[PDB]
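Per full-length UniProt numbering, the sequence shown runs over residues 3 to 147, 150 to 241, 254 to 311, 314 to 325, 341 to 369, 375 to 485, 534 to 786.
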Amino acid sequence: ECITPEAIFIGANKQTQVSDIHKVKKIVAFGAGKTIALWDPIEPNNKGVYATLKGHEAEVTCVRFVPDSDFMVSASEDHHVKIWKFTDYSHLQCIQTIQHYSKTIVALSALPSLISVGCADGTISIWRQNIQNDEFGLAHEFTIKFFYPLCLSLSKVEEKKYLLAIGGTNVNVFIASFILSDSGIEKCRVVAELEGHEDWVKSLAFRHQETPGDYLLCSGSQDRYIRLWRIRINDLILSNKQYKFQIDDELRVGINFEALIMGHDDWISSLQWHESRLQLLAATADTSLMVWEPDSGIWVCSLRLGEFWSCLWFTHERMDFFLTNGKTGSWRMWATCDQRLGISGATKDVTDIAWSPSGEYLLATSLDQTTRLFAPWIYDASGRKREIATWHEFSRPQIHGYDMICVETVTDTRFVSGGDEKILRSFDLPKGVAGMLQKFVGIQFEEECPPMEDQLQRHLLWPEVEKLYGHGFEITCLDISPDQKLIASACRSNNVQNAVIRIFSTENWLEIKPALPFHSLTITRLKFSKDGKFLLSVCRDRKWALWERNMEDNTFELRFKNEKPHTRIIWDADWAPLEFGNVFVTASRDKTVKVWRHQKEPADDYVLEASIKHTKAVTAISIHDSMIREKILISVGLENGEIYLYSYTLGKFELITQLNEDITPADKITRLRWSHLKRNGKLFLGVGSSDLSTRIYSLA
């Protein structure tokens, strides 16, 4: 039994400096939710996010690769700073969690052995890495006052000579300098107050390569301008004034205002230097990137590209690449010139997932207010199988202004979705997508590379067929009969009147009276019997019910039930394949997973067969449509994000495996579903979690 992660769809965080790229390994690590996602852009078989670094207990607000080292720094909502170290090459292990701060970490710049940490305490401290150990220790901590850090840059002039540009709630740019003793810091002091800005400095960046050589320092503010300061070392002979000072009885330094670049109209957002050339990258408020360089000798814009959260500047193989994370949490690539393929993912907790009736693609609805379709492309535009069948977002059915709560596929060409809206709509697979899905995913229908972010959010939206009214609350769940002629719906409720089950027709999209009452709270799961003559319901009111189907009028009636199957909310339920038997299992907050089976012997009713308990609540349970050996296959998810694979036979659970902690989500498994399809001798598992990440595993 070999469990292999197939794909990870996570979205970047909305925060300054939440992403960084490794200058050497060319690995971009961005904070996605409470995890640090890793992705290799430059790659043969476009794969995308290949790992989610778990550790932080809050949203990651900053990620930085310490240059010239195997280290990386981080910071989260919980004022914590973590230090990772590359275990192998494309992976990192957390080796230290700094608890010291009780306020937000507003700034963070770190060189090989140091880490400047600006905090909302109004204090900026410098951590210095130990000599024998690998952990950092507070070498020094100070403050300017009224003054608060917003950003700071750390630089290395000479061997033990260091500079630190501090910018914050002060129109000025302070320049602290300290020497590096073997036990930390020595002679630290603010040695220069650079005047020039007419507002708060919110950006700083040093450019120090091959000195004696262009040693610049740029800085932005709450304006539409950027200032560049020239730095001379030992030979530095109205505003042509210099700020001289010296490190020790051996160094002299002279800063000076060189030029002001940003346009009057263009308001700047992000700014960073190039990895090797003397070029500055500045991204405007509106989606537009600009590159600046000298020569004359005046700084000028040498590259513009119109129509940000993050913006990475990197060059590989005599080509320049621009990675730009948008609002939809999607990264896009550009070379210099074409638009290479990027990566997609949610920006808010995922709520539901549902494979196409046949299982070639997987729809995913999240709180991002978007519904995405993920599929694997195993075909070049030439029609031959790709080496590795990678997963991508082939279409974004919608981006409505309603929080996507749930979805279920009616047909490979149509589906239904619901959100924090009163009604729910159905959607039809457009011509544009179908072709795309037929060409790369390979699926026949009746009547040269995946979608870049541009044609994925604008040209690939599914046209709505019909809306359905009835519920006076956001729809929580729903299922489609095996015959696809029915839809069982259920809204959010606190009483019995709204905790009603509505049955809709997929032909006339009209409701089919009468509604179904019983549950006193809100239903969490609705499943139709494999045969289709039954409907099951679990309703976080600690009970379940089975509604028999009248094959004539298609009206349902209550037959079986159980007022106390669980001591706490039931989160999920599922039916085993007919061959196994008239069985269905429920997953509950009471930590247990119970199995039920029809018994007409002592009296007609669905009796309890087996039951197992876990450590955390079981929020997701899905059983495979086919029978593995002569036994059934079940998957279980928890509030931990942990996933258990079980085997089941008349009264005996067999643990196949517990997905390594390194390959599973970081929070509540909102939904788990097996794909109906088997391809390349593998089974597929869809996993939507509360850590805003859609994932896909495979069982060999």
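Ideal Cβ positions, reconstructed from N, Cα and C, are used throughout, including at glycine.
Unbroken beta strand (DSSP E) stretches of 3 residues or longer found wholly inside the UniProt repeat "WD 2" (57-96): 62-67, 73-78 and 83-88, given in chain order. Closest in C-alpha terms to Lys-469, from the list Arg-463, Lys-257 and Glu-485, comes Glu-485.
When DSSP states are grouped into helix, strand and coil, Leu-475 belongs to the helix group. The beta carbon of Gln-543 lies closer than 8 Å to those of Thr-361, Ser-363, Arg-434 and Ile-437 in the same chain, with the five residues before and after it left out. In this structure, the straight-line span from the alpha carbon of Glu-550 to that of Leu-198 is close to 58 Å.
DSSP, read as helix, strand or coil, puts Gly-470 in helix.
Per DSSP, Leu-321 lies in no alpha helix (DSSP H); the unbroken beta strand (DSSP E) holding it starts and ends at 318-324. Pairing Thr-300 with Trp-342 gives a Cβ-Cβ distance that is not under 8 Å. According to the DSSP secondary-structure assignment, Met-442 is paired through a beta bridge with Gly-457.
About 11 Å separates the CB atoms of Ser-784 and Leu-763; that is not less than 8 Å, and the two are not in contact.
According to DSSP, residue pairing for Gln-288 in a beta bridge involves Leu-297. Here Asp-753 is buried, its C-beta having at least 16 other C-beta atoms within 10 Å. Sequence-distant Cβ neighbours of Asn-766 in its own chain, meaning closer than 8 Å and more than five residues away, are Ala-427. Proximity of the segment 257-270 to the segment 211-223 falls short of the contact definition, fewer than three beta-carbon pairs being nearer than 8 Å. With 16 or more neighbouring CB atoms inside 10 Å of its own CB, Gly-359 falls in the buried class. In the structure shown, the three-state DSSP call for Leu-405 is coil. For the 8 Å CB-CB criterion, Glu-552 and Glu-459 do not form a contact. DSSP lists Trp-415 as the beta-bridge partner residues of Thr-428. Inter-residue distance for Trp-129 and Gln-101 is about 13 Å (C-alpha atoms, whole angstroms).
The segment 700-707 and the segment 737-750 do not touch, with fewer than three beta-carbon pairs separated by less than 8 Å. For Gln-685, the enclosing beta strand (DSSP E) begins and ends at 678-685. Straight across, the Cα-Cα distance linking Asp-390 with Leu-547 is about 19 Å.
Taking C-beta atoms as the reference points, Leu-156 and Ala-109 count as a pair closer than 8 Å. Assignment of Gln-134 by DSSP, reduced to helix, strand and coil, places it in the coil class. Between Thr-409 and the set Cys-344, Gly-383, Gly-397 and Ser-396, the nearest pair of CA atoms involves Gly-383. Under the Cβ criterion (8 Å, minimum of three pairs), the segment 591-603 counts as touching the segment 557-577. Annotation note: the segment 664-746 contains the following uninterrupted beta strand (DSSP E) runs of length 3 or greater, listed N- to C-terminal: 669-674, 678-685, 691-699, 704-709, 718-724, 729-735 and 738-744. Between the C-alpha atoms of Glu-3 and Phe-432 there is a straight-line separation of about 30 Å.
Judged by pairs of C-beta atoms under 8 Å, the segment 53-60 touches the segment 81-94, as three or more such pairs exist.
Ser-111 and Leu-240 have their C-alpha atoms some 27 Å from each other. If you draw a straight line from the Cα of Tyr-259 to the Cα of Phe-273, it is about 10 Å long. It is roughly 46 Å from the alpha-carbon of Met-538 to the alpha-carbon of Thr-735.
Residue environment for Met-352: exposed (fewer than 16 other C-beta atoms within 10 angstroms of its C-beta). With a contact defined as Cβ atoms closer than 8 Å, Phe-182 and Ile-146 miss out at about 15 Å.
Inclusion of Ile-85 and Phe-138 in the CB contact set at 8 Å is warranted, their separation being smaller than that value.
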